[PDB]
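> Sharing a structure below in structure tokens format, with a few things to ask.
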Amino acid sequence: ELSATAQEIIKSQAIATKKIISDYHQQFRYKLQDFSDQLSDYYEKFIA
Amino acid sequence: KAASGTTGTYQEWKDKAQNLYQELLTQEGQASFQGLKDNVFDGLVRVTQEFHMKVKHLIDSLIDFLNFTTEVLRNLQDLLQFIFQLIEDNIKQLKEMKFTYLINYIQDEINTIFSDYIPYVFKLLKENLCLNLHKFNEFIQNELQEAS
């Protein structure tokens, strides 16, 4: 019983552990895209 | 993998634990030690006989070595042989009157006493309490009558 309980607990933990990283990586990339877009208009905003 | 291995090892070792439980029950029954006592007594008798022979040989050789006292040495040899025979008799006796029985006897006695005599002692205390209380009532009634 103890072995089964431990196995199911670790299985439950693993999915959420992966889920967090999966959520965060895409936003990590979108931030790079946003920053690259921002750099384009720096000179124009400055001059204007 | 670690959990599987641990469970396997535990289940493997569960059997020898129960074998040891049976051995412990046998030991508490005191039925596996008397043989060791018999073996050690037999070894003691054998060693005593061998040493008897060696000592008498030593005395006999010493007599000739000195001659190379006599009556005293021969009497001492006879007395030492007598003491060796006494020692052998005592060893045989000790083998005969082994102590293994009283251990099991006292074990059974305590096991019986705990479950049998203790409630009776409690009942004795309860009965004595009630009797003393009633006697107290009687005596105070008499004393109060006298005081009145």
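> Let me know the shape class of chain A, please: from the alpha-carbon gyration tensor, a ≥ b ≥ c as square roots of the eigenvalues, rounded when a/c is under 1.5, otherwise prolate if a/b is greater than b/c, or oblate.
Values: a/c = 12.28, a/b = 8.74, b/c = 1.40.
In terms of gyration-tensor shape, prolate.
> Give me the one-decimal nm value for the distance between modelled label points at B:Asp64 and B:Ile106, 7 Å along each residue's Cα-to-Cβ direction.
Each label point is offset 7 Å from its Cα along the Cβ direction, giving 5.4 nm.
> 222 nm [θ] for chain B, helices only, -39500 (n - 2.57) per DSSP H run of 4+, per residue, to 500?
Working: 4 runs with 137 residues, N = 148.
Counting only the DSSP helices, I get -34000 deg cm²/dmol.
> Now for a separate question. Please report the spacing between the Cα centers of the range B:80-148 and the range B:1-73 in Å, no decimals.
Cα centroid of the range B:80-148 versus Cα centroid of the range B:1-73: 37 Å apart.
> For an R0 of 35 angstrom, estimate the FRET efficiency from the Cβ-Cβ distance between A:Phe35 and B:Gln11 and round to the nearest 0.05.
Here the calculated transfer efficiency is 0.05.
> Here is a follow-up. Summarise the partner chain shielding of A:6-13 as one whole number: the mean count of Cβ atoms from other chains within 10 Å of each residue's Cβ. Walk me through the intermediate numbers first.
Details: counts 3, 2, 0, 0, 1, 0, 0, 0.
That average works out to 1.
> Show me the three semi-axes of the equivalent ellipsoid for the range B:1-57, from the C-alpha gyration tensor (sqrt of 5 times each eigenvalue), largest first, rounded to whole Å.
48, 16, 4
> Taking each pair of distinct Cα atoms in the range B:1-137 once, what is the resulting Kirkwood hydrodynamic radius in Å? Walk me through the numbers before you get to the answer.
Working: mean 1/r = 0.0451 Å⁻¹.
About 22.2 Å, per the Kirkwood formula over Cα pairs.
> Eigenvalues of the Cα gyration tensor times 5, then square-rooted: what semi-axes does that give for the protein assembly as shown, in whole angstrom, largest first?
Equivalent-ellipsoid dimensions as semi-axes: 84, 53, 20 Å.
> Over 32 Å between Cα atoms, which of A:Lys19/A:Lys45; B:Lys54/B:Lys95; B:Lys54/B:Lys98; B:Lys16/B:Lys37 qualify?
Going by Cα-Cα distance, A:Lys19/A:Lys45 fall outside the 32 Å limit.
> Here's a follow-up. Quick check for you: which residues of the range B:72-100 have the amide N under 17 Å from the point 7 Å beyond the Cα of B:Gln34 toward its beta carbon?
Inside the label zone: B:92-100.
Every residue, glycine among them, receives a Cβ derived from its backbone with ideal geometry; neighbour counts consider all protein chains shown. None of the figures in this text is laboratory data; all of them are computed from the coordinates on show.
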